[PDB]
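K.L.:
Below is a structure I'd like to ask you about.
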Amino acid sequence: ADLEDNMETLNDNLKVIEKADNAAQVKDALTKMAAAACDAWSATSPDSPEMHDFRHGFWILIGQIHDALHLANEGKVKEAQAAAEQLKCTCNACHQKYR
Amino acid sequence: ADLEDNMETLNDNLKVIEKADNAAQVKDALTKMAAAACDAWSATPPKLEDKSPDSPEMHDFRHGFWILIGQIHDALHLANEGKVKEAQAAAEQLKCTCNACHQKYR
Amino acid sequence: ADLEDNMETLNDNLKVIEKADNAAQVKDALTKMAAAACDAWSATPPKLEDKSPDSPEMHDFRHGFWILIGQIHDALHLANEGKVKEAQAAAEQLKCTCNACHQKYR
Amino acid sequence: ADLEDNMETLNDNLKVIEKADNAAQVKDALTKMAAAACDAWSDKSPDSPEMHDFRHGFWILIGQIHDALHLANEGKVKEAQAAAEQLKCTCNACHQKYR
Amino acid sequence: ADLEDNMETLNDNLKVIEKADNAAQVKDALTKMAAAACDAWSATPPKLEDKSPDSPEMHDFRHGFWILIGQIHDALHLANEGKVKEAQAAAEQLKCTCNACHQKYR
Amino acid sequence: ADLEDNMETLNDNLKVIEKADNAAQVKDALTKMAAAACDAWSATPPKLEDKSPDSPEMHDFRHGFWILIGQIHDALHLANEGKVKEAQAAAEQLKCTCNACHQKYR
Amino acid sequence: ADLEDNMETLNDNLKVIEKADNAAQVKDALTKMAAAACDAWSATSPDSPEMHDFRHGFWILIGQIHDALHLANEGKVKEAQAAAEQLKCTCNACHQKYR
Amino acid sequence: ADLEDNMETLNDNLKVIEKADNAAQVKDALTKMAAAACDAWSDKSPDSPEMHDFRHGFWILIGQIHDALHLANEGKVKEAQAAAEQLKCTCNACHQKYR
Ligand code: HEC
Ligand code: HEC
Ligand code: HEC
Ligand code: HEC
Ligand code: HEC
Ligand code: HEC
Ligand code: HEC
Ligand code: HEC
Ligand SMILES: [Ca+2]
Ligand SMILES: [Ca+2]
Ligand SMILES: [Ca+2]
Ligand SMILES: [Ca+2]
Ligand SMILES: [Ca+2]
Ligand SMILES: [Ca+2]
Ligand SMILES: [Ca+2]
Ligand SMILES: [Ca+2]
Ligand SMILES: [Ca+2]
Ligand SMILES: [Ca+2]
Ligand SMILES: [Ca+2]
Ligand SMILES: [Ca+2]
Ligand SMILES: [Ca+2]
Ligand SMILES: [Ca+2]
């Protein structure tokens, strides 16, 4: 996907998680997020260091998303949603820098 | 793309990395691999179509790609450091993970 | 020590790393693993006793430890960077290599 | 001073930045936050990677406070106010791990 | 502490490093230097007592320690890798910062 | 080249970096600064023409560029990681070395 | 083994390789070396950075030994012996520093 | 100057250090070697990791020449003479790879 979709996806599903009731909604939104992050982490100069640093921010995000999913799969719902709110830290870090 | 199609990409770009002289060929291959592994991570394989998406088998299948993706990330990182021979080695080790998933769900 | 004895050490210290809280426990375990893998690299396993030391099987057996040793080196490196959770993950992935050699020569 | 007293100064002054109106209270409050954070960056061993890690946390924190002061000093108060809120990320990140 | 004694601390340790044999010594010295630099950041030097805490000279004085701190950190890092010589030489480049500030505000 | 023009090159690029937006700019500037510094290493400045090539002042003059070079390298590295701000600020700390040498031999 | 043995081994087998006739003598001496390096790379403070840097020198050595063995296993004898002579570079690097 | 001319200066001056008697020829020859090596450190792309790698090679080489001069400057001629011989390691290492 287009990077803009990847952001729609991440942003949309962040909201879903916040509003979510049960664990199946959380797992499902985070899965969507994980994939968007993975796709955004791979795209089409031999490659600038701002590219390297950009890609790296997605890689962090993925790992964090992945931790959160793990909590949701363990059944810890409360804990998962908090991690999702903690992701914002990384979202804005990037946006500050590259936007 | 298709789960089959992803496996193709992985396998071609594995061979590209064996036969690669220079570091650009290897980044380029590994990146095409990562993209393929990312797409595959969401796929649902034949043998597990009858299973729940939440089944331990589907969990485990997803985990194999999570692993594979980390191994490509780690190999990428080497190729950036210009460590061609290392990155080709880290790539050859992927086959273990390829095989372990195949053994179980192919 | 004995090839069997090495496999013990590996397996105990694999479990230590699963249950480890702090980073010192994990370095300490991984180091005991490395030492064991190093000793094993020269060992000659039962199933291959009839083979030439220069046989492709013995080559391949040695290669599995060479691989395993690199994976412990790489996991060690993470534990030094204080990246406990990563190093425990890199450790769990060893099992693939444990298993691939076992499949063939155990 | 005491590490308890560092964390209090951090927390309190973070609140004062939330509440502040003009650049000078923000400049002042951050200046205090910085001191506490430099103090801080200084059963487990002295050499242990948990301490390399712990210290490195405050190194991040300091860089972030320095930036937020640089904004305050320029007169971008609002932008400084936000830089400050996002510090929490690092606070928590340490807390999650070592609180 | 006495701004003066922070400076005693910086100067003493500068020399310690200069004749240190091993890294553990160097880290320790640098770590004391960092502590001193941190405490120094807040101080008003006698030449600026008359001046506004906001004065451009106080900003410049503060910024001098900020540079100093950074350099100490960069030298610490060279020490943790065990590049003793490289740490020792970083630590000698600090003298430029010492001197620049001193030339303007001592 | 003209020692003077090396210094023109160092000064021009110092400013380039100062107002660069992206990293590719910064690397380029730093790389020119390195080239200039290298060529400068061999030069005799007018104030030392009278002196022995072995003279302690020529050693000290040479050593000033050696420091400078190192700092350029350390700033280059911050640039290749894409820490633009950090590179830009390293590059401002070079001014201390510029000034120290100038104060003594210009 | 004692580090002194590890050195006897490495030194003894370097000489053997130099004097070697056939590929089986080279493979065999390098194998002995590889093992000595591996053992020296693992031994019995939370751990000094000079220790880290020391261990690292062995790790380089192993990788080099391993390349050389590979050439010998391919049949390239001449090439292997040269690599063994190239190892000295690493041997002395360490000795300079730590001895 | 030309990169061919760098490598010649390096090689020739390396020979002059082998042959030298007093500190001044060693000091001089290395001084020349250093210049050539600083020149050098400066179909594949500009940004490529092969060039990061190539350059980094000469960075090593320079550090080694600097050390060997520092010995020469102290009057440890013999020790400088050996520091010089061991440079070959780096020469070859580059050569093996990029000659
Ligand atoms: C960089 C490493 C990023 C991370 C991590 C995240 N985002 Fe992002 N985001 C990034 C860029 C460069 C852009 C601008 C590109 C463009 O033109 O679209 C964005 C943009 C957004 C947007 C709005 C863009 C749009 O579609 O019009 C949103 C809503 C957004 N990003 C949300 C978002 C969330 C929720 C993230 C984490 C959970 C996140 N982003 C991470 C770069 C990066
Ligand atoms: C699971 C977690 C897998 C990992 C990791 C890898 N592969 Fe795979 N692969 C997997 C499945 C379930 C299948 C069957 C697909 C189907 O619908 O039939 C495959 C298939 C392949 C194939 C064959 C495709 C075909 O032509 O039928 C190849 C060539 C292949 N896989 C290669 C491959 C490589 C090289 C991998 C890692 C480097 C790899 N796979 C990982 C499941 C999984
Ligand atoms: C080959 C290259 C191997 C690798 C890598 C690992 N192991 Fe292994 N293991 C191997 C063999 C040939 C054998 C049989 C030994 C015998 O003489 O009987 C083993 C055996 C074990 C055992 C069982 C020992 C016993 O009680 O009989 C265990 C528990 C074991 N191995 C564990 C293990 C682990 C945890 C590894 C990696 C992390 C590992 N092995 C790697 C060959 C190889
Ligand atoms: C580590 C790298 C930390 C960072 C960065 C921050 N904090 Fe912290 N904090 C840390 C520890 C280990 C502790 C426990 C200390 C104790 O003895 O309790 C704390 C504690 C606090 C507290 C509670 C202390 C109390 O008196 O009860 C607060 C209020 C606190 N921390 C706030 C805080 C803020 C606001 C931070 C960033 C802006 C922050 N901390 C960062 C470790 C670390
Ligand atoms: C400003 C940004 C400074 C930096 C950086 C350093 N120093 Fe300093 N130093 C500074 C001042 C204003 C003074 C005068 C203090 C006073 O109260 O009169 C000093 C003083 C010293 C002294 C003399 C100390 C004494 O006991 O009288 C020393 C020996 C000294 N400073 C050393 C020093 C070193 C070694 C530095 C860097 C490594 C350094 N200073 C930095 C202001 C600043
Ligand atoms: C000694 C070790 C030096 C260092 C480090 C730097 N410079 Fe320099 N510079 C030096 C000398 C001896 C001279 C005089 C040259 C002459 O022939 O008279 C200079 C001169 C300059 C000048 C003026 C250049 C001109 O065209 O007249 C500038 C602008 C200059 N130097 C800048 C400069 C910068 C920006 C440096 C570091 C980044 C720097 N110099 C270092 C000796 C030394
Ligand atoms: C450090 C990372 C080393 C590498 C790589 C190599 N050697 Fe070494 N060696 C090292 C040390 C610290 C010592 C002294 C320790 C002691 O007291 O023994 C040595 C010593 C030797 C010796 C003599 C020691 C003895 O047994 O009396 C020899 C002959 C020797 N080393 C040879 C050698 C060779 C051939 C190497 C590479 C092929 C090599 N060493 C690497 C540290 C390190
Ligand atoms: C890379 C990082 C290098 C280092 C370090 C050294 N050399 Fe080099 N050298 C290098 C290259 C890519 C080439 C090929 C250049 C060409 O156009 O041929 C060379 C070449 C030489 C040559 C031959 C050039 C000729 O005119 O035929 C010599 C004699 C030479 N190099 C010597 C040399 C010495 C003595 C070095 C260290 C002390 C050294 N080189 C280091 C790349 C690199
Ligand atoms: Ca859309
Ligand atoms: Ca609802
Ligand atoms: Ca698809
Ligand atoms: Ca098929
Ligand atoms: Ca044994
Ligand atoms: Ca048994
Ligand atoms: Ca304190
Ligand atoms: Ca006093
Ligand atoms: Ca001493
Ligand atoms: Ca001119
Ligand atoms: Ca501009
Ligand atoms: Ca013996
Ligand atoms: Ca013979
Ligand atoms: Ca040139």
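Each chain in the structure tokens gets a letter, A, B, ..., in the order shown, and its residues are numbered from 1; ligands are numbered from 1 in order too.
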Output the neighbourhood of ligand 4 as number ranges by chain, that is, all protein and nucleic acid residues with some atom at most 9 Å from the ligand, counting only C-alpha atoms and all ligand atoms.
P.N.:
D: 3-15, 33, 37, 40-41, 53-62, 65, 84-99
K.L.:
Please save C-alpha atoms of the selected residues as a compact mmCIF listing (two decimals), in the first residue's frame.
P.N.:
# COMPACT_ATOMS: atom_id res chain seq x y z
CA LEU D 3 16.94 9.91 43.56
CA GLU D 4 13.47 10.10 45.17
CA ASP D 5 13.93 13.88 45.17
CA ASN D 6 14.98 13.84 41.50
CA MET D 7 11.78 12.05 40.48
CA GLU D 8 9.67 14.42 42.55
CA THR D 9 11.27 17.51 41.02
CA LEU D 10 10.69 15.92 37.57
CA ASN D 11 7.06 15.12 38.25
CA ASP D 12 6.26 18.46 39.96
CA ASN D 13 7.97 20.60 37.36
CA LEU D 14 6.29 18.61 34.63
CA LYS D 15 2.97 19.68 36.17
CA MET D 33 13.81 19.23 35.43
CA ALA D 37 17.80 14.58 35.36
CA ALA D 40 19.95 11.03 38.24
CA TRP D 41 22.28 10.11 35.29
CA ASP D 53 20.60 0.71 30.25
CA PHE D 54 19.24 2.68 33.21
CA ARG D 55 21.78 5.53 32.70
CA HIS D 56 21.19 5.62 28.94
CA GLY D 57 17.52 6.27 29.77
CA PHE D 58 18.38 9.54 31.51
CA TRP D 59 20.74 10.45 28.68
CA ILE D 60 17.67 10.31 26.37
CA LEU D 61 15.63 12.27 28.92
CA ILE D 62 18.25 15.00 29.08
CA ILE D 65 14.60 18.43 28.00
CA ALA D 84 7.39 18.39 27.61
CA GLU D 85 4.26 16.27 27.54
CA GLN D 86 5.95 13.78 25.24
CA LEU D 87 8.72 13.28 27.80
CA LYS D 88 6.24 11.04 29.66
CA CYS D 89 7.02 8.37 27.07
CA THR D 90 10.56 8.01 28.37
CA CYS D 91 9.43 8.31 32.02
CA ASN D 92 7.00 5.43 31.51
CA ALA D 93 9.38 3.42 29.40
CA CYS D 94 11.84 3.43 32.29
CA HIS D 95 9.08 2.91 34.84
CA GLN D 96 7.57 -0.08 32.99
CA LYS D 97 10.98 -1.67 33.10
CA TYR D 98 12.72 -0.53 36.35
CA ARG D 99 9.99 0.85 38.69
K.L.:
Using only C-alpha atoms and all ligand atoms, tabulate the residues of chain A lying at most 6 Å from any atom of ligand 1, each with its closest atom pair and that distance in Å to one decimal, by chain and increasing residue number, as a tab-separated table.
P.N.:
residue	atom	partner	partner_atom_place_in_ligand_line	distance
A:3	CA	ligand 1	18 (O)	6.0
A:4	CA	ligand 1	26 (O)	3.7
A:7	CA	ligand 1	30 (C)	4.4
A:8	CA	ligand 1	26 (O)	5.5
A:10	CA	ligand 1	35 (C)	4.8
A:11	CA	ligand 1	35 (C)	3.7
A:54	CA	ligand 1	2 (C)	4.7
A:57	CA	ligand 1	2 (C)	4.1
A:58	CA	ligand 1	5 (C)	5.0
A:61	CA	ligand 1	5 (C)	6.0
A:87	CA	ligand 1	38 (C)	5.4
A:88	CA	ligand 1	38 (C)	5.2
A:90	CA	ligand 1	5 (C)	5.5
A:91	CA	ligand 1	41 (C)	3.5
A:94	CA	ligand 1	1 (C)	4.1
A:95	CA	ligand 1	42 (C)	5.2
A:98	CA	ligand 1	12 (C)	5.5
A:99	CA	ligand 1	12 (C)	5.5
K.L.:
Using C-alpha atoms, can you export the residues from the last selection as an mmCIF file, in the first residue's frame?
P.N.:
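Saved file part_9.cif follows:
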data_model
loop_
_atom_site.group_PDB
_atom_site.id
_atom_site.type_symbol
_atom_site.label_atom_id
_atom_site.label_comp_id
_atom_site.auth_asym_id
_atom_site.auth_seq_id
_atom_site.Cartn_x
_atom_site.Cartn_y
_atom_site.Cartn_z
ATOM 1 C CA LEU A 3 1.976 5.197 2.862
ATOM 2 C CA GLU A 4 -1.239 7.253 3.358
ATOM 3 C CA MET A 7 -1.438 5.629 8.183
ATOM 4 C CA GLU A 8 -5.219 5.395 7.775
ATOM 5 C CA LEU A 10 -2.734 2.557 11.889
ATOM 6 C CA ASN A 11 -4.792 5.531 12.934
ATOM 7 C CA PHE A 54 12.680 6.211 8.589
ATOM 8 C CA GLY A 57 11.043 3.826 13.108
ATOM 9 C CA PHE A 58 8.634 1.332 11.534
ATOM 10 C CA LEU A 61 6.702 0.189 15.831
ATOM 11 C CA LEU A 87 2.617 3.405 20.636
ATOM 12 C CA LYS A 88 1.625 7.058 20.054
ATOM 13 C CA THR A 90 6.649 6.344 18.485
ATOM 14 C CA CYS A 91 4.021 7.681 16.049
ATOM 15 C CA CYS A 94 8.468 10.125 13.582
ATOM 16 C CA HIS A 95 5.938 12.789 12.616
ATOM 17 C CA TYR A 98 9.832 13.685 9.105
ATOM 18 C CA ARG A 99 6.658 15.728 8.681
#
K.L.:
Residues within 8 Å of ligand 18 should be enumerated using only C-alpha atoms and all ligand atoms and returned as a list in words.
P.N.:
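For ligand 18, the residues inside 8 Å are residues 2, 4 and 5 of chain F.
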K.L.:
Is it possible to get the superposed chain C, fitted on chain B over all Cα pairs by sequence order, as an mmCIF file with C-alpha atoms, in the first residue's frame?
P.N.:
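Contents of the output file out.cif:
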data_model
loop_
_atom_site.group_PDB
_atom_site.id
_atom_site.type_symbol
_atom_site.label_atom_id
_atom_site.label_comp_id
_atom_site.auth_asym_id
_atom_site.auth_seq_id
_atom_site.Cartn_x
_atom_site.Cartn_y
_atom_site.Cartn_z
ATOM 1 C CA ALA C 1 0.118 -11.199 -3.872
ATOM 2 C CA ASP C 2 -0.718 -14.866 -3.404
ATOM 3 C CA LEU C 3 0.837 -17.026 -0.624
ATOM 4 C CA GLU C 4 2.370 -19.282 -3.340
ATOM 5 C CA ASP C 5 3.619 -16.142 -5.157
ATOM 6 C CA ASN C 6 5.314 -14.920 -1.958
ATOM 7 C CA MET C 7 7.103 -18.255 -1.549
ATOM 8 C CA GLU C 8 8.384 -17.885 -5.095
ATOM 9 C CA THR C 9 9.755 -14.420 -4.377
ATOM 10 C CA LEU C 10 11.431 -15.717 -1.257
ATOM 11 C CA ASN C 11 12.976 -18.592 -3.064
ATOM 12 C CA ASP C 12 14.156 -16.670 -6.092
ATOM 13 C CA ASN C 13 15.666 -13.928 -3.921
ATOM 14 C CA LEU C 14 17.343 -16.545 -1.762
ATOM 15 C CA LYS C 15 19.153 -17.777 -4.854
ATOM 16 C CA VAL C 16 19.955 -14.203 -5.928
ATOM 17 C CA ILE C 17 21.770 -13.729 -2.612
ATOM 18 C CA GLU C 18 23.842 -16.923 -3.055
ATOM 19 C CA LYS C 19 25.006 -15.737 -6.465
ATOM 20 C CA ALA C 20 25.361 -12.040 -5.544
ATOM 21 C CA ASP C 21 28.766 -10.355 -6.044
ATOM 22 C CA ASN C 22 27.981 -6.880 -4.693
ATOM 23 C CA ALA C 23 26.063 -5.532 -1.684
ATOM 24 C CA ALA C 24 23.329 -3.708 -3.628
ATOM 25 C CA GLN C 25 22.122 -6.994 -5.197
ATOM 26 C CA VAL C 26 21.827 -8.426 -1.688
ATOM 27 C CA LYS C 27 19.950 -5.525 -0.085
ATOM 28 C CA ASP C 28 17.613 -5.499 -3.091
ATOM 29 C CA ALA C 29 16.993 -9.244 -2.816
ATOM 30 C CA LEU C 30 16.515 -9.219 0.939
ATOM 31 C CA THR C 31 14.120 -6.329 0.691
ATOM 32 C CA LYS C 32 11.999 -8.158 -1.858
ATOM 33 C CA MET C 33 12.104 -11.053 0.627
ATOM 34 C CA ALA C 34 10.958 -8.900 3.532
ATOM 35 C CA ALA C 35 8.052 -7.537 1.558
ATOM 36 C CA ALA C 36 7.086 -11.138 0.695
ATOM 37 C CA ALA C 37 7.355 -12.315 4.292
ATOM 38 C CA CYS C 38 5.268 -9.389 5.454
ATOM 39 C CA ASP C 39 2.532 -10.277 2.958
ATOM 40 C CA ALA C 40 2.710 -13.943 3.894
ATOM 41 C CA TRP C 41 2.364 -13.247 7.650
ATOM 42 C CA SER C 42 -1.415 -12.606 7.127
ATOM 43 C CA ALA C 43 -1.970 -15.520 4.740
ATOM 44 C CA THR C 44 -3.986 -18.597 5.615
ATOM 45 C CA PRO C 45 -2.432 -21.828 4.333
ATOM 46 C CA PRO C 46 -4.463 -24.791 2.871
ATOM 47 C CA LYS C 47 -3.788 -27.286 5.621
ATOM 48 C CA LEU C 48 -5.046 -24.831 8.217
ATOM 49 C CA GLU C 49 -8.185 -23.606 6.381
ATOM 50 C CA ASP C 50 -10.457 -25.776 8.544
ATOM 51 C CA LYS C 51 -8.868 -24.232 11.733
ATOM 52 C CA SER C 52 -9.944 -21.153 13.681
ATOM 53 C CA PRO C 53 -7.940 -18.006 12.837
ATOM 54 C CA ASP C 54 -7.348 -17.945 16.628
ATOM 55 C CA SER C 55 -6.256 -21.647 16.673
ATOM 56 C CA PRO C 56 -2.864 -22.484 18.154
ATOM 57 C CA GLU C 57 -1.829 -23.714 14.718
ATOM 58 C CA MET C 58 -2.585 -20.371 13.142
ATOM 59 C CA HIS C 59 -0.833 -18.663 16.005
ATOM 60 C CA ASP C 60 2.180 -20.874 15.418
ATOM 61 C CA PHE C 61 2.110 -20.286 11.632
ATOM 62 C CA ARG C 62 2.122 -16.530 12.149
ATOM 63 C CA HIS C 63 4.976 -16.878 14.571
ATOM 64 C CA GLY C 64 7.146 -18.549 11.945
ATOM 65 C CA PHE C 65 6.917 -15.481 9.732
ATOM 66 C CA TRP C 66 7.465 -13.174 12.652
ATOM 67 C CA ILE C 67 10.685 -15.145 13.156
ATOM 68 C CA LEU C 68 11.584 -15.142 9.486
ATOM 69 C CA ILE C 69 11.013 -11.391 9.330
ATOM 70 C CA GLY C 70 13.429 -10.739 12.217
ATOM 71 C CA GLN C 71 16.048 -12.900 10.488
ATOM 72 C CA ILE C 72 15.720 -10.824 7.259
ATOM 73 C CA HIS C 73 15.855 -7.604 9.275
ATOM 74 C CA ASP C 74 19.036 -8.818 10.931
ATOM 75 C CA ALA C 75 20.530 -9.892 7.557
ATOM 76 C CA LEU C 76 19.554 -6.542 6.027
ATOM 77 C CA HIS C 77 21.407 -4.741 8.802
ATOM 78 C CA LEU C 78 24.593 -6.689 7.950
ATOM 79 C CA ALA C 79 24.364 -5.903 4.235
ATOM 80 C CA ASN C 80 24.120 -2.192 5.182
ATOM 81 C CA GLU C 81 27.271 -2.454 7.252
ATOM 82 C CA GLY C 82 28.822 -3.758 3.962
ATOM 83 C CA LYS C 83 29.304 -7.214 5.504
ATOM 84 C CA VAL C 84 28.310 -9.093 2.375
ATOM 85 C CA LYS C 85 29.677 -12.477 3.376
ATOM 86 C CA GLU C 86 27.944 -12.274 6.750
ATOM 87 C CA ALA C 87 24.562 -11.285 5.282
ATOM 88 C CA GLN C 88 24.715 -14.168 2.781
ATOM 89 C CA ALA C 89 25.362 -16.473 5.789
ATOM 90 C CA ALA C 90 22.446 -15.014 7.808
ATOM 91 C CA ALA C 91 20.385 -15.542 4.676
ATOM 92 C CA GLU C 92 21.398 -19.207 4.273
ATOM 93 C CA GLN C 93 20.250 -19.791 7.870
ATOM 94 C CA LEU C 94 16.717 -18.653 6.992
ATOM 95 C CA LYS C 95 16.313 -22.120 5.366
ATOM 96 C CA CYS C 96 16.055 -23.670 8.813
ATOM 97 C CA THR C 97 12.929 -21.559 9.441
ATOM 98 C CA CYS C 98 11.618 -22.065 5.921
ATOM 99 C CA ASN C 99 11.966 -25.832 6.550
ATOM 100 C CA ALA C 100 10.557 -25.896 10.070
ATOM 101 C CA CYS C 101 7.338 -24.241 8.945
ATOM 102 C CA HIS C 102 7.188 -26.397 5.779
ATOM 103 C CA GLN C 103 7.586 -29.608 7.843
ATOM 104 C CA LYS C 104 4.484 -28.682 9.793
ATOM 105 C CA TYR C 105 2.070 -26.762 7.518
ATOM 106 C CA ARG C 106 3.080 -27.256 3.884
#
K.L.:
Check chain A with DSSP on the backbone and list each residue it calls helix (DSSP H, G or I), as a ChimeraX atom specification.
P.N.:
/A:3-19,23-40,49-74,77-98
K.L.:
Mind fitting chain H onto chain D over all Cα atoms in sequence order and sending the result as a CSV table (one decimal) with C-alpha atoms, in the first residue's frame?
P.N.:
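Resulting contents of result12.csv:
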chain,number,residue,atom,x,y,z
H,1,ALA,CA,20.6,14.9,46.0
H,2,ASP,CA,18.4,11.8,46.5
H,3,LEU,CA,16.9,9.9,43.6
H,4,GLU,CA,13.5,10.1,45.2
H,5,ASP,CA,13.9,13.9,45.2
H,6,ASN,CA,15.0,13.8,41.5
H,7,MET,CA,11.8,12.0,40.5
H,8,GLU,CA,9.7,14.4,42.6
H,9,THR,CA,11.3,17.5,41.0
H,10,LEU,CA,10.7,15.9,37.6
H,11,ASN,CA,7.1,15.1,38.3
H,12,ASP,CA,6.3,18.5,40.0
H,13,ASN,CA,8.0,20.6,37.4
H,14,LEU,CA,6.3,18.6,34.6
H,15,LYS,CA,3.0,19.7,36.2
H,16,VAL,CA,4.2,23.3,36.4
H,17,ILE,CA,4.8,23.2,32.6
H,18,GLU,CA,1.3,21.8,32.0
H,19,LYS,CA,-0.1,24.8,34.0
H,20,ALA,CA,2.3,27.5,32.8
H,21,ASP,CA,1.3,30.7,30.9
H,22,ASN,CA,4.4,32.6,29.8
H,23,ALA,CA,7.8,31.4,28.5
H,24,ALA,CA,9.7,32.1,31.8
H,25,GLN,CA,7.8,29.5,34.0
H,26,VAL,CA,8.3,26.9,31.2
H,27,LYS,CA,12.0,28.0,30.9
H,28,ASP,CA,12.4,27.8,34.7
H,29,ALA,CA,10.5,24.6,35.2
H,30,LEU,CA,12.5,22.8,32.5
H,31,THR,CA,15.7,24.2,33.9
H,32,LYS,CA,14.9,22.5,37.1
H,33,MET,CA,13.8,19.2,35.4
H,34,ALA,CA,17.2,19.2,33.7
H,35,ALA,CA,19.1,19.5,36.9
H,36,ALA,CA,17.2,16.6,38.5
H,37,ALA,CA,17.8,14.6,35.4
H,38,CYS,CA,21.6,15.2,35.4
H,39,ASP,CA,21.8,14.3,39.0
H,40,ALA,CA,20.0,11.0,38.2
H,41,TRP,CA,22.3,10.1,35.3
H,42,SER,CA,24.9,9.0,37.9
H,43,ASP,CA,21.7,-5.4,44.5
H,44,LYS,CA,22.9,-5.4,40.8
H,45,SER,CA,26.5,-4.6,39.9
H,46,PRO,CA,28.0,-1.2,39.0
H,47,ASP,CA,29.2,-2.5,35.5
H,48,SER,CA,25.9,-4.4,34.8
H,49,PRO,CA,24.0,-3.9,31.5
H,50,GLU,CA,20.9,-3.0,33.5
H,51,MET,CA,22.8,0.1,34.7
H,52,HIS,CA,24.2,0.9,31.2
H,53,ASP,CA,20.6,0.7,30.3
H,54,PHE,CA,19.2,2.7,33.2
H,55,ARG,CA,21.8,5.5,32.7
H,56,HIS,CA,21.2,5.6,28.9
H,57,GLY,CA,17.5,6.3,29.8
H,58,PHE,CA,18.4,9.5,31.5
H,59,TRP,CA,20.7,10.5,28.7
H,60,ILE,CA,17.7,10.3,26.4
H,61,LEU,CA,15.6,12.3,28.9
H,62,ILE,CA,18.2,15.0,29.1
H,63,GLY,CA,18.4,15.4,25.3
H,64,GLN,CA,14.6,15.8,25.3
H,65,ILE,CA,14.6,18.4,28.0
H,66,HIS,CA,17.4,20.3,26.3
H,67,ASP,CA,15.4,20.4,23.1
H,68,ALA,CA,12.3,21.6,24.9
H,69,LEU,CA,14.3,24.4,26.5
H,70,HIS,CA,15.7,25.4,23.2
H,71,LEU,CA,12.1,25.8,22.0
H,72,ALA,CA,11.2,27.7,25.1
H,73,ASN,CA,14.2,29.9,24.7
H,74,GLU,CA,13.2,30.7,21.1
H,75,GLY,CA,9.7,31.8,22.5
H,76,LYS,CA,7.9,28.8,21.0
H,77,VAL,CA,6.1,28.2,24.3
H,78,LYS,CA,3.3,26.0,23.0
H,79,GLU,CA,5.7,23.8,21.0
H,80,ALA,CA,7.8,23.6,24.2
H,81,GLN,CA,4.8,22.7,26.2
H,82,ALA,CA,4.2,19.7,23.9
H,83,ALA,CA,7.8,18.6,23.8
H,84,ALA,CA,7.4,18.4,27.6
H,85,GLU,CA,4.3,16.3,27.5
H,86,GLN,CA,5.9,13.8,25.2
H,87,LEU,CA,8.7,13.3,27.8
H,88,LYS,CA,6.2,11.0,29.7
H,89,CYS,CA,7.0,8.4,27.1
H,90,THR,CA,10.6,8.0,28.4
H,91,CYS,CA,9.4,8.3,32.0
H,92,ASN,CA,7.0,5.4,31.5
H,93,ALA,CA,9.4,3.4,29.4
H,94,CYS,CA,11.8,3.4,32.3
H,95,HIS,CA,9.1,2.9,34.8
H,96,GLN,CA,7.6,-0.1,33.0
H,97,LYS,CA,11.0,-1.7,33.1
H,98,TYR,CA,12.7,-0.5,36.4
H,99,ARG,CA,10.0,0.9,38.7
K.L.:
What residues in chain G lie within 12 Å of chain H, counting only C-alpha atoms, written as a PyMOL selection string?
P.N.:
chain G and resi 64+79+82-83+85-93+96
K.L.:
Hey, which residues come within 9 Å of ligand 9 if we count only C-alpha atoms and all ligand atoms? Could you give them as a CSV table (one decimal) with C-alpha atoms, in the first residue's frame?
P.N.:
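Ended up saving to selection.csv:
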chain,number,residue,atom,x,y,z
A,1,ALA,CA,0.0,0.0,0.0
A,2,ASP,CA,0.5,3.7,-0.3
A,4,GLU,CA,-1.2,7.3,3.4
A,5,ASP,CA,-3.2,4.0,3.6
A,6,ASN,CA,-0.7,2.6,6.1
A,8,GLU,CA,-5.2,5.4,7.8
A,9,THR,CA,-4.9,1.8,8.9
K.L.:
Given a cut-off of 12 Å, which residues of chain A touch chain B, counting only C-alpha atoms, written out as a ChimeraX atom specification?
P.N.:
/A:1,23-24,27-28,31-49,52,55-56,58-60,62-63,65-67,69-70,72-74
K.L.:
Could you please determine the separation between atom 3 (C, counted along the ligand's line) of ligand 8 and CA of residue 51 in chain A in Å, to one decimal place?
P.N.:
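Interatomic distance, atom 3 (C, counted along the ligand's line) of ligand 8 to CA of residue 51 in chain A: 28.8 Å.
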